[PDB]
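Examining the three-dimensional arrangement
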Amino acid sequence: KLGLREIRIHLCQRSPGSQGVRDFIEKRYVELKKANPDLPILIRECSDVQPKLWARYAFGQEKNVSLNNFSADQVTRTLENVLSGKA
Amino acid sequence: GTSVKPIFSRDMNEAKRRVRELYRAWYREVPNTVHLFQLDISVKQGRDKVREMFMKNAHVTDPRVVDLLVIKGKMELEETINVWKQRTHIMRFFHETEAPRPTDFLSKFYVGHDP
Amino acid sequence: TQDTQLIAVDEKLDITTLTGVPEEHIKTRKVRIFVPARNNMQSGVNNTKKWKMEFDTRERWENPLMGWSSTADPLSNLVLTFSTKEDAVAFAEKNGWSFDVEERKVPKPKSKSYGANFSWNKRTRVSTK
Amino acid sequence: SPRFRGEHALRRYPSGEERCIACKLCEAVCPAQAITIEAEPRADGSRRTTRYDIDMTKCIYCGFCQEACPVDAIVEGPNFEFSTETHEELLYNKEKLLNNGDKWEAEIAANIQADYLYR
Amino acid sequence: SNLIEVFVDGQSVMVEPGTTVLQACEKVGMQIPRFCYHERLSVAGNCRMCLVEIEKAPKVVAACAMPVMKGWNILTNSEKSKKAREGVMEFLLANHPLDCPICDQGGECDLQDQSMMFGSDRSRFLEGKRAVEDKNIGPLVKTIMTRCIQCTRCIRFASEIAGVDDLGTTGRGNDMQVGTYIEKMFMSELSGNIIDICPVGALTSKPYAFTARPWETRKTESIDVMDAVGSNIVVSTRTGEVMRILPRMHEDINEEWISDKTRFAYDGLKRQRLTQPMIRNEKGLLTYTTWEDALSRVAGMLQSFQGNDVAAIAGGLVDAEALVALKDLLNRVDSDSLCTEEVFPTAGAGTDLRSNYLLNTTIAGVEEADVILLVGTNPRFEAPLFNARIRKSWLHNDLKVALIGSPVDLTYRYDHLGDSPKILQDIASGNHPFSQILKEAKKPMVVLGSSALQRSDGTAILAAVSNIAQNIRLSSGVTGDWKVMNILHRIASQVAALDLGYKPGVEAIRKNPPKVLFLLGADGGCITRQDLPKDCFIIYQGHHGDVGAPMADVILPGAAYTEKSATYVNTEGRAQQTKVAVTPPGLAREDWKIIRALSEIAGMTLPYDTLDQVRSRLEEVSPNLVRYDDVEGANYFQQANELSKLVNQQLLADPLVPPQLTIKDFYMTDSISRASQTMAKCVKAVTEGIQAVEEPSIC
Amino acid sequence: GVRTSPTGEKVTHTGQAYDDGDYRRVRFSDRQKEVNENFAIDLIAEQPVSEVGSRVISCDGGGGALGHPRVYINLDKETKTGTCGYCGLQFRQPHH
Amino acid sequence: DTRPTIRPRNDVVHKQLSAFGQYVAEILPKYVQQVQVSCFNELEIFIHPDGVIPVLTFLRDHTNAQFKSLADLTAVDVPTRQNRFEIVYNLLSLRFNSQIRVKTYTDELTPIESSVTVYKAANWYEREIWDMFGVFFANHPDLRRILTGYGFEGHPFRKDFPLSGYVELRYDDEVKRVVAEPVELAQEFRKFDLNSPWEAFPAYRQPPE
Amino acid sequence: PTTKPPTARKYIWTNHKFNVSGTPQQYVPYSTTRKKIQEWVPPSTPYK
Ligand code: SF4
Ligand code: SF4
Ligand code: SF4
Ligand code: SF4
Ligand code: FES
Ligand SMILES: [K+]
Ligand SMILES: [Zn+2]
């Protein structure tokens, strides 16, 4: 089983490479959380880190979609792509 | 900064050259050394132990370093040839008395806090 | 500025194969580069000016006899001193030792005034002297 | 001579209480690190060593311990005939050393009585 | 432009105007000898050793108090200064007692060392020395007052960094004695620090008293885990044993002090320890057994039982490496009930946004704020170093605190706003007068204690304070970088546990009763065998067997915080690491290696196999758990605020009562503290009078 | 004096005595466990408490240079006695 | 005398040594980097490593130097420097009744021209330097270990080599031969950090960086 | 000692012992200090 357990977003605070995800999170993150209140979206940020997405699936599986330099629309389109499959 | 004068070898090619006949000088006398020192071990395990010692020093990629082991091995050959090392010194290469330290993580966790 | 059959030796210094250290004590040891903090009991600072190199501690059991603190790690009392972090951090991997480095803690300058002890308004006025 | 350095011993005051107050000066100055000391608050207050071991096979008999001692507690007695058959019998602890102090006291007291003025 | 220029020993030095001579000398590197002058405390002048000669000036000035001006050549090594130093020390050593062989300060005594460097080599004092009767100030502080030099460092510390005024100087002349006149214990969370500031052996530590010598102990830096402040300490170890925990210097986290629970708690690490695995026999009695048998039994129950019937209530003292190792193990079993004893409100953003659960404004930021608001917390005991920082900011910056919890002693003086939780809503609406104060304050600060969140209405309180921050954030009186909302935690493994993704609180365990519950260092006793379903498998991996040990079957001896190279995150977000001071006793092993070895036996072997590997895995889960000694500033407070607007939880009439109101319950908090013997004397001392704590203390 | 242990072994003044289940006992068989009998903890108690009519005293352990370094004890607290740290001899002001 | 404890200081020797120090410095500016006379009238000459042979030859053969006896040849291992090893020469001039110190520098991997040609006494001193520290010397006749046991690993006097060593010895009865094992001390060497945190000598106060 | 006997004190032995090496009266070295780590005592109660 690969049902969605948690989504981890690692973004840099000021790096232009992680600028796009910052544009996403101020606007669209709240609406995403209202859609999946049970889903633990993790936004553990850092400094000088390549903006990446970790998606923990059931039975201990983790995908490593990397949203480097992705714009806010790109970040959102990656998100619904990951959670499009309920399993 | 990136350039410093060498020991004997100007690059890896001649440094590797000085390794080869050192291995040659180490291959030939192993049966003679075994005969000389009344080695319990046969000739065969003598030859690959020379091979294995030469093998473990393979990651070296610096002409100055390779010269240092080359000259150091030469002294080791010299010490062995003119009966300067006794049986105990020769048997030191064969780690016999000490028990095999296991390599799996589970065994290490069972025996102690060794990382 | 020295013509002594100079050749390009770009690759990093790897003298580890010559120091004679056994294989165990060359990877599984994590050295620490740090400026020792002043002994809080004292107030002098003459022991916090040189970078120190030390090896992580290991098992220390008790003898079946009277019971000293036995050990089996030779790299237990080895402490090295370096005058600059760069020299210290360079000696680690040159000898081939995994390291972690802690930056020097400089006591920040604090403005101190004796007249503040007796302040007309501020609560810094002391009640005893 | 009265200055002779031999088997070690801990002496005690004329009252009976030991002289060692566990300042670890003897352990700190021992050139061969043959001294091991562990101290702990005694039941009555004033506290002494709970472990005072001298490694007589590691000792160099330099006498530095008896100089460092500010209370003349650890001294090197006049005995030099404590040869033993087993290595472990040499490794003295507090009890054996205290026994030596209660055995060679009649001699060590006189030696320091004749030599204290020189020091 | 203001920088005036001075000549320290002739060499030109640029100094800020108002700088004392002593700091100017320190700029070159020369350290003027001193006794009374401690950098943190005020400047007094009783020392008289900081005396130095100013060029073309006939009078020797006191470098501890004289502010320099234009063109001064501070002749540090001038002859007149050297004669002055010898004279002053001659007076100091005139009446000092001959206690060096029996004084604990021996080997690290400033009076001893300064005598070797700046002092004569004999004495010309053929008189009778003075003797002063000893005083008792508690079962923690050795007081041999005959050795005191009246530097008044202890007096200054008590009245400045401690806040309690009980240490003073009585009498005049040579007969003047520093003490407390009427017999009374000097008790505070920072009481033990007077041992450090005292330059002589007049004030030393009773628990460690004359058990070791400074030249023979090996000092190992580490991070304290007793509290959530994460104070840096120097654990001194000799012959594989722990004697002293000395404070380190960080200038941000703990300055130069530690709490008493931080200092006098090593005795707990040597009592009531778990050293061998335990499995219940045919009579259900935990007996000694090998590691393989213990791991085999746990692995079998873990393999057979999967899904959500496996859980893990991680304790408050665990490390980040152990937390992630258990997280990975139970994730491979599909268990997502990784719980922690501390209950943080999961409603709204919860653990998602890092800014929700943090001291965003950092500890050092307290000295910059002007108005603080503590909500339902007692920082004097929940985080003693944080309270000291508040007092330090209170003293100098004239910062005005304000409390909404119960009226408790906080050293400084606050203005109680009532203990009713409804006060929070009034401030949000602006009806309460303090709401206006928060608008005018340039850098307002709001701190909510994690103990308040332990209540049933924790979500409502969090929503209330977040509305408080929003109300004053909309007003432009606050700067952009100023982070108002702040959460002060109590247990150590809470920021790290919540950062990793552990579900805050324990509600998932009772709402979905598991049968393979993993008690990882859990000792708060939040979950018992009754709430768990019948025939529950309990695995305890602690170091002390206090509460979580008896209610288990497969006890696994773990490693203490002084026996592992862990990664603890303080309540401000800084992720610091400890170092192995001494190996765990007996057969007890490191926590993360235990879980990794258990996973290998169970079949689902974890990827990481070394400390670097698990730390790298820690980086993958949260990159800020590797950035040691670096506060990774969070953001998106508005997004957390908007989510808290969703759902509606109402307040209650129960007043905000902190769990610790007085000193007596500050001592007995955690497993190490509970198992400690020296700590039991302290709680015994504060409960009854002085007569119950005294020993023949002489050396 | 010396107290015997329940297992039948003399207990040293430090309180050391091997447990019944302790394996490190075979050494003592066919030998003798060295222990001193003059327990300094006890012998110091028999010393009479000296009474002097002065606020402070000077104790050197007797013998001058042969004793411990000279210390000065403050016999002011009439509740209890003042004991020299080095040697343990007590002193007391007679009703001050 | 007003200094019954302070060791008397000679200025005439200081002037003579200083004058000779300038003399040698001008003679061979190709290698002499810096020269200093210590407070207790001892002269040290800091040469470049390539000048090991020419400088020694000049001091040995010049009519105004005649330093014709190598007292000892040792090195000081200072890890904090780029060239950790620091080879030191000590020469004595019988004709002029004076001693000189000639010191070079060398990293781990660099060969030094053996002074066996100039001073045949250096021959055995060279082997000790290589054995204790690891400094290889080119053109040495019989460069080999001199003090350490046969088949010894590492160089003991290096500051990064533990005092107790890596291997101890024991007679193993199973093989009926003395064998080597990893070291296991009955009592570990109790290291003593006994450096006072208070400045000792203001004269050598290194300026801050 | 007949002309000048040494000063007499209580702790001084009244019977000299020769070298007791070899005979079953030797000195066997042993630890003079107590234990350091107190093992947690399991509860004998049958729990549950
Ligand atoms: S005489 Fe022996 S015990 Fe005393 S200091 Fe010297 S080596 Fe140590
Ligand atoms: S020097 Fe004397 S008083 Fe100090 S510890 Fe040693 S025996 Fe005891
Ligand atoms: S405080 Fe202790 S060490 Fe310092 S001078 Fe006084 S007795 Fe000596
Ligand atoms: S007790 Fe210590 S800190 Fe207090 S005045 Fe005396 S010397 Fe200073
Ligand atoms: S330092 Fe200024 S008087 Fe003590
Ligand atoms: K002190
Ligand atoms: Zn006395």
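Cut-offs and rules
- Residues numbered from 1 in each chain as written, not as in the entry; some residues may be left out.
- Chains lettered and ligands numbered in written order.
- Part of a larger assembly, values for the part shown.
- Heavy atoms only, no water.
- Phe/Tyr/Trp six-rings, centres within 6.5 Å; stacked < 30°, edge-to-face > 60°.
- Helix = DSSP H or I, 4+ residues; strand = E, 2+ residues; numbered from the N terminus.
- Buried < 20%, exposed > 50% of the residue type's maximum accessible area, 1.4 Å probe, protein only.
- Contact = heavy atoms within 4.5 Å.
- Buried area = accessible area lost by both parts, 1.4 Å probe.
- Salt bridge = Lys/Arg side-chain N within 4 Å of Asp/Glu carboxyl O.
- Polar contact = N/O pair within 3.5 Å; in protein donor to acceptor, adjacent residues only side chain to side chain.
- Nonpolar A, V, L, I, M, F, W, Y, C, P; charged D, E, K, R; others polar.

- Going by the header, the method for this PDB entry is cryo-EM, and the resolution given is 3.5 Å.

Describing the packing of aromatic side chains
- Considering all chains together, one arrives at 29 aromatic pairs over all chains under this definition.
- Note on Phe109 of chain B and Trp291 of chain E: the rings are 4.9 Å apart at their centroids and 70° apart in plane angle, and the pair reads as edge-to-face. In this pair, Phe109 of chain B is assigned in helix α6 (residues 105-111) and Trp291 of chain E in helix α7 (residues 291-304), connecting two distinct chains. Across the pair, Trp291 of chain E and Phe109 of chain B agree in class, each one buried.
- Ring geometry for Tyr92 of chain D against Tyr27 of chain H: centres 5.7 Å apart, planes inclined by 65°, an arrangement best described as edge-to-face.
- One aromatic cluster is present, built from ring pairs that chain together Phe20, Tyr23, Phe58 and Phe67 of chain G.

Here's the deal with the interface of chain C and chain E
- Tallying the contact residues gives 35 residues for chain C and 49 residues for chain E.
- In total, about 3,800 Å² of surface goes out of reach between chain C and chain E, with carbon and sulfur atoms giving 43% of it.
- The three residues of chain C that bury the most area against chain E are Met41, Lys112 and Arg123 of chain C, which together make up 22% of that side's buried surface.
- At the boundary of chain C with chain E, the tally comes to 9 salt bridges.
- Scanning the region where chain C abuts chain E turns up 25 residue pairs in polar contact.
- If one sorts the elements of the side of chain C that touches chain E by residue count, strand β2 (residues 30-34) of chain C sits on top with 3 residues.
- For the side of chain C that touches chain E, the per-class residue count stands at 7 nonpolar, 14 polar and 14 charged.

Structural notes on the interface of chain D and chain H
- At the junction of the two partners, chain D supplies 30 residues and chain H supplies 20 residues.
- The interface formed by chain D and chain H holds 1 salt bridge in total.
- Among the salt bridges present, the one from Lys36 of chain H reaches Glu38 of chain D, with a minimum N-O distance of 3.8 Å.
- Summed over the shared surface of chain D and chain H, the number is 12 residue pairs in polar contact.
- Broken down by secondary-structure element, the contributors of at least two residues to the side of chain D that touches chain H are β3 (49-55), β5 (91-92), α3 (94-101) and α4 (105-115) of chain D.
- Top element by residues in the side of chain D that touches chain H is α3 of chain D. It accounts for 4 residues.
- Among the residues making up the side of chain D that touches chain H, the classes are represented as 7 nonpolar, 8 polar and 15 charged.

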